[PDB]
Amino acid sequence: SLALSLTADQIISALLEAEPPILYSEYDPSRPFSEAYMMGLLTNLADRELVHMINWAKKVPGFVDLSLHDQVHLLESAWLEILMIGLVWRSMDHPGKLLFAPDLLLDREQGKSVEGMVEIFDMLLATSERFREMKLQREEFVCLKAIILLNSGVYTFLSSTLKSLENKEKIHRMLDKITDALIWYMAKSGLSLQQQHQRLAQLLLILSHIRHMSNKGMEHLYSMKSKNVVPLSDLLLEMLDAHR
């Protein structure tokens, strides 16, 4: 397929061009900063970002070549991981703070306003510090985001027909191509072979932590829903429900 024939430079260029816009939150300093108010800001932002995430996913090489059911499956698995890795990336330049949006930069003491949130904040902040330690580059970030989209749901992806088996193999081939692209970027940047392999591993281990934080955030969001802390959009309810 055309997508599976792209070069590393073409893959990276495509992912850079697909980057979504950075949206603003509803934050008003005049509002009492209650648990419900803060959670309303975060869920409202996530809802609006999800629409742009769908447009981004359709630009990841090969993604639109899968069936609609396949695309739904991968996004249902990965959506909160994708939001959170974007959050960590935006926060790199702001030690001690999480840049949810340009007008919504929160520290851990503000996170304490929501029950159970400071623990999540601390994980996200630690991951942002790791990004800083590594001097993570935008080309590396966009490859990681595409990897999340294709990988998080791929073990549960069904291959019960010849066509679905073919599509599953196509996903794995594209994951290999994104690895090739990451390695190509790191080689062009001057790293030795040993440094390239070490950094590839450092970058992919980030994804274990992103998964962990997504799972913790999803459990927290479910708790908020059950406790009726804030109203959630129909889309968020459906995405939440796809995680049982």
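Counting begins at 1, following the sequence as shown.
Looking at mean Cα B-factors across 140 to 148 and 165 to 173, the upper value is held by 165 to 173.
Look at the mean CA B-factor for 59 to 67 and for 35 to 43 in the entry; the higher one is 59 to 67.
Per the PDB entry, 30 shows the highest C-alpha temperature factor of the residues 30, 179, 214, 198. The PDB entry assigns residue 187 a C-alpha temperature factor belonging to the middle third of its chain's modelled residues. Sorting the modelled residues of the chain by their CA temperature factor places residue 158 in the highest third.
When all modelled residues of the chain are sorted by CA temperature factor, residue 81 is found within the lowest third. When the CA B factors of the chain's modelled residues are split into thirds, the value for residue 54 lands in the highest one.
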